[PDB]
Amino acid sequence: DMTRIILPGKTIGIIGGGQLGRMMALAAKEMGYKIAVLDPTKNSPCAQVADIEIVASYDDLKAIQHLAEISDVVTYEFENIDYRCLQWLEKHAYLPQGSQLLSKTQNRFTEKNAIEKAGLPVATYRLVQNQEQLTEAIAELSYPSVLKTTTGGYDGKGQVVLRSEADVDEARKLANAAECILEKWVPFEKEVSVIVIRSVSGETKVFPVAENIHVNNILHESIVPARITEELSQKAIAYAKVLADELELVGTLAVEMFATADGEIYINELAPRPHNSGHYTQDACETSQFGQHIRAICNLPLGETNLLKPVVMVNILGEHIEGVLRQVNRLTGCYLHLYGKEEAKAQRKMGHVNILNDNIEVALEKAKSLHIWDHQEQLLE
């Protein structure tokens, strides 16, 4: 039903109480929605901003029941929720996002198929389930190549880059531990992402293309506008609309891409949720990805996605938090977001800072001059 509207005043239920849910919840609260959250850990980032907290396991098909009960619409922010858990909600509650898109994007192999069905380029890949299949995959794809677990991967965990035969021993260890795909290395010039939003009624908006810098396989910086040709942007944007189409998107889709020196774009992966590379939108766009996500599922008119000022988002990990607090008096032109996580771990995402400036290169220099991310800048040398 493409006409159903969840009006301000109603309750939005969110599965997963991480920072993405917290930010959804804050954007929803501005519009006067109530918020219920289910998370296995008490006092999660999202519970700190929610009206109702359900502390329970993600597979607990009774707590989930209770979430459905108290909510007028349900969404997820946790991308590794059991797809069969969602299936109950779309059957017996209101989950306009569906379970289909999630199941496709959760598995790298099935994800590759969806992208190829849509007609867009991917790195050439093979499924790997044992050593014989790894051996054949390497023989067919050669070097350089990258082995990735088909499920559960994040921050490059469950990945091995095969530069030469010397890396095969490490690849074999991983291939034994989990189902994987081997895919060709893409010698891209830049990584970019595009966040596309589509409402229950089919209205579609796309955010500006962000140029992403990863360090140790964790997002470090998002740069908007991406320093790429107008031609690449229109292509990146067209690619995202196509994906929203073929996947019948309702809600948010983050599309990560590789841009090669000849202006070709390879789709790296999809996330059916607000994405770290869209955090810049909170301070630099007319609508944030979180505001958009809420409007999409509630079937409100979408907001505009104009870039109102250039921006560099910098991630704040556990290893940075001390530096941030010490350097707080130097954060002029910097828009701090901290997620309320009670325990820092070195590489855990604790917050982000959006650095706004008319000139993108001055924003970049600001990040450097703060010295908070010396570890990242040293690794990028």
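Residue indices: 1-based, along the sequence shown.
- When the two stretches 198 to 206 and 83 to 91 are set side by side, the higher mean Cα temperature factor goes to 83 to 91.
- Stretches 185 to 193 and 129 to 137 differ in mean CA B factor, with 185 to 193 having the higher one.
- When the Cα B-factors of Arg348, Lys29, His337, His66 are read from the PDB record, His66 comes out highest.
- Across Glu179, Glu211, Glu77, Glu286, the greatest Cα temperature factor reported in the deposited entry is at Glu77.
- When the CA B factors of the chain's modelled residues are split into thirds, the value for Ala123 lands in the middle one.
- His352: CA B factor in the lowest third of modelled residues in this chain (values from the PDB entry).
- When all modelled residues of the chain are sorted by CA temperature factor, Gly263 is found within the highest third.
- Among all modelled residues in this chain, the alpha-carbon of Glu304 has a temperature factor (C-alpha) in the middle third.
- Among all modelled residues in its chain, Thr332 ranks in the lowest third by Cα B-factor.
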